[PDB]
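Student: fold the following.
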Amino acid sequence: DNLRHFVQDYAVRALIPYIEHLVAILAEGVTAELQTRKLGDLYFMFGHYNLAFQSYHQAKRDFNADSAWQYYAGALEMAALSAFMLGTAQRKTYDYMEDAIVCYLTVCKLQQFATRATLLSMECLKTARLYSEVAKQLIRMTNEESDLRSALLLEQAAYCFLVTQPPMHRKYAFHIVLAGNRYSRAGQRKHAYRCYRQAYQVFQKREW
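Tutor: Numbers count the residues shown, from 1 in each chain. Right below this line is the structure:
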């Protein structure tokens, strides 16, 4: 009722003092190796992209000796977020992206952070015009540890294969069928059917 909204407004006005609390926490933060990281963690919410800017900057001088680049990877993705929030998203930043993620995969057996950061990269490049590099990295991280990840990822790389331009779909079908049988082994039955169906269109259109 109306009194329900009285209490709702009571609640939200009570929450405003928490935003003042976090302003005070920013104040206590402004003036160490993990201190720089916790700063960026904080002002994700505050929106200080400039601070995240200098944050991953200081992070490179910090992790230079420190092989723990998973944290530095996350610094590069926070750089990316800050960037396309501002809208710039420098090409070179994108490079740091894999320089963030894929490189560390070589040294450390850290699969799930690879998955998450790779995906968020996939959609951020979906915002960009470049839909391919996500597919090619996605192929390599596709197969391992599972077919459920594998088959879905092959589907996404499939539609990427022709988001901008189609050509050379022989390989397209020849791998999405691999995705579909992995569906049939463990993935969804119905989506196995639908991927099979679209692959059957591609089959019918590619005789040569």
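Student: which residues touch residue 186?
Tutor: By C-beta atoms under 8 Å, 6 or more residues apart in numbering, residue 186 lies in contact with 146, 147, 148, 151. (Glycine included, C-beta is placed from N, CA and C.)
Student: next, it: phi, psi?
Tutor: phi -130, psi -30 (degrees, to the nearest 10).
Student: and for residue 188?
Tutor: phi -70, psi 140.
Student: and it, how far is that from residue 138?
Tutor: Separation of residue 188 from residue 138 (C-beta to C-beta, to the nearest Å) stands at 19 Å.
Student: cool, residue 108 as well?
Tutor: Counting by C-beta to C-beta, the gap from residue 108 to residue 138 is 20 Å.
Student: ok, those two, which is more surrounded?
Tutor: residue 138 (22 against 14; other C-beta atoms under 10 Å).
Student: thinking the more buried one is in contact with residue 122, fair?
Tutor: Yes. Residue 138 lies in contact with residue 122 (C-beta atoms under 8 Å); the separation is 6.8 Å.
Student: what touches both of the two?
Tutor: residue 156.
Student: alpha carbons of stretch 187-198, as PDB, please.
Tutor: Provided in PDB are the C-alpha atoms of stretch 187-198 (Å, rounded to 0.1, in the frame of the first residue of the first chain):
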ATOM      1  CA  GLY A 187      25.000 -31.500 -23.200                       C
ATOM      2  CA  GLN A 188      21.400 -30.600 -23.900                       C
ATOM      3  CA  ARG A 189      19.500 -33.000 -26.100                       C
ATOM      4  CA  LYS A 190      17.300 -30.200 -27.600                       C
ATOM      5  CA  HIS A 191      20.200 -27.800 -28.300                       C
ATOM      6  CA  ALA A 192      22.100 -30.800 -29.700                       C
ATOM      7  CA  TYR A 193      19.200 -31.100 -32.100                       C
ATOM      8  CA  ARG A 194      19.200 -27.400 -33.000                       C
ATOM      9  CA  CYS A 195      22.900 -27.300 -33.600                       C
ATOM     10  CA  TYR A 196      22.500 -30.500 -35.700                       C
ATOM     11  CA  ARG A 197      19.700 -28.800 -37.700                       C
ATOM     12  CA  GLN A 198      21.700 -25.700 -38.500                       C
END
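Student: what sits up against it?
Tutor: By C-beta under 8 Å, 6+ apart, stretch 187-198 touches 147-148, 151-152, 155, 158, 176-177, 179-181, 183-184.
Student: name only those of those residues that count as buried.
Tutor: 147, 151, 152, 155, 158, 176, 177, 179, 180, 183, 184 (16 or more other C-beta atoms under 10 Å).
Student: so where does the third one fall, helix or strand?
Tutor: Assigned by DSSP states H and E, residue 152 belongs to helix 148-161.
Student: name the residues that touch that helix?
Tutor: By C-beta under 8 Å, 6+ apart, helix 148-161 touches 115, 122, 131-132, 134-136, 138-139, 141-144, 169, 172, 175-176, 178-180, 182-183, 186-187, 191, 195.
Student: and if we set it to 7 Å?
Tutor: 131-132, 134-135, 138-139, 142-143, 172, 175-176, 178-179, 182-183, 186-187, 195 (C-beta atoms under 7 Å, 6 or more residues apart in numbering).
Student: no more questions from me, cheers.
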